[PDB]
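Q:
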Amino acid sequence: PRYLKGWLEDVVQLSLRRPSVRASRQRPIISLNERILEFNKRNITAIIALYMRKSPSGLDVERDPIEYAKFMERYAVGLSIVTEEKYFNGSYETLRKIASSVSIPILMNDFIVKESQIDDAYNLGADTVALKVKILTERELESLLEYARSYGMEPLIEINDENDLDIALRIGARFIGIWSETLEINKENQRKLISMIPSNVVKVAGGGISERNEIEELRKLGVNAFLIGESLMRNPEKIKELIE
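Here's what the structure looks like:
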């Protein structure tokens, strides 16, 4: 990993020692980036609903993950399940139960630093994974990207600054997420990063979306899909208004 100090270093050291799983996924991959493009083609707002048991930086919203996932199956383009175990109180088993309970694409949202975590995501039923540029060197990123692709997964490459975006574009990312959810989002940085991405890359924006107008303005800048957590975590049926 990159030079890291503090909380990210602790998360990365934990990830390096995370036990790999022995399980077999029972269904093929349902492509998240391809589904987003199909929603775009049909003028259907594409929202990836985020699920996390604990919000380290916000208030926790405790709710049943299965109840949440089955309801989202009807509306979301996909689900993003936070599996980081110590600070987000995630669980590979939660990911597995959700992936075997619904038929929409599932993204495993964690801090990936070793190939076996991609193996874990795949074996548990996830359809893709997020790769965070901020904890990886350029060479690690290119290697993990190819490793994910060898399973048939186009990972979501997460960036929050221009330096990381350049790295993502240089290694050939085709699915990019832009974000650093109750606090104030730096809209200028987000719009700047979006403007630097080629139109053929599927772009996902996240931040504090809670209103249809916010989504409409981002759509006008070319954003393909939206990652929404807190607002849906609190009131899941708000997604009906957001895609109306």
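FYI, in the deposited numbering the residues of the sequence shown are 2 to 181, 185 to 248.
By construction, the Cβ of each residue, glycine as well, lies at the ideal position given by its N, Cα and C atoms.
(1) Going by CA-CA distance only, name the one from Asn44, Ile48, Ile67 that's closest to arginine 54.
(2) So, for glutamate 139: in the same chain, excluding its five sequence neighbours on each side, which residues have a beta-carbon less than 8 Å away from its beta-carbon?
(3) Is it buried or exposed, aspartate 111, if we count other Cβ atoms within 10 angstroms and call 16 or more buried?
(4) So, with DSSP's three-state summary, where would you put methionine 73?
(5) Cβ of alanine 229 within 8 Å of Cβ of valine 205?
(6) So the beta strand (DSSP E) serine 81 belongs to, where does it begin and stop?
(7) Between which two residues does the beta strand (DSSP E) carrying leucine 132 extend?
(8) Under the rule that 16 or more other beta-carbon atoms within 10 Å means buried, what is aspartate 165, buried or exposed?
(9) Roughly how many angstroms separate the alpha carbons of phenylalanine 89 and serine 58, rounded to a whole number?
(10) How do the segment 17 to 25 and the segment 113 to 128 stand: do at least 3 beta-carbon pairs fall below 8 Å, yes or no?
(11) Going along the chain, which unbroken runs of the alpha helix (DSSP H) with 4 or more residues stay wholly within the segment 109 to 163?
(12) Taking the beta strand (DSSP E) that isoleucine 177 falls in, what are its first and last residues?
(13) Based on the DSSP output, what are the partners of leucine 96 in its beta bridges?
(14) Going by DSSP, name the residue or residues bridged to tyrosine 52.
(15) Which residues bound the alpha helix (DSSP H) around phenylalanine 40?
(16) Does the Cβ-Cβ distance between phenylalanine 40 and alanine 47 come in under 8 Å?
(17) May I ask whether a heavy atom of the ligand ADP can be found less than 7 Å away from the beta carbon of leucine 38?
A: Straight from the coordinates:
(1) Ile67
(2) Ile168, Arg171, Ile172
(3) buried
(4) helix
(5) no
(6) 79 to 83
(7) 129 to 133
(8) buried
(9) 10 Å
(10) yes
(11) 116 to 125, 139 to 151
(12) 176 to 179
(13) In DSSP, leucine 96 forms no bridge with anything.
(14) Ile82
(15) 33 to 42
(16) yes
(17) Ligands displayed in this structure: none; no statement on the ligand ADP is therefore possible.
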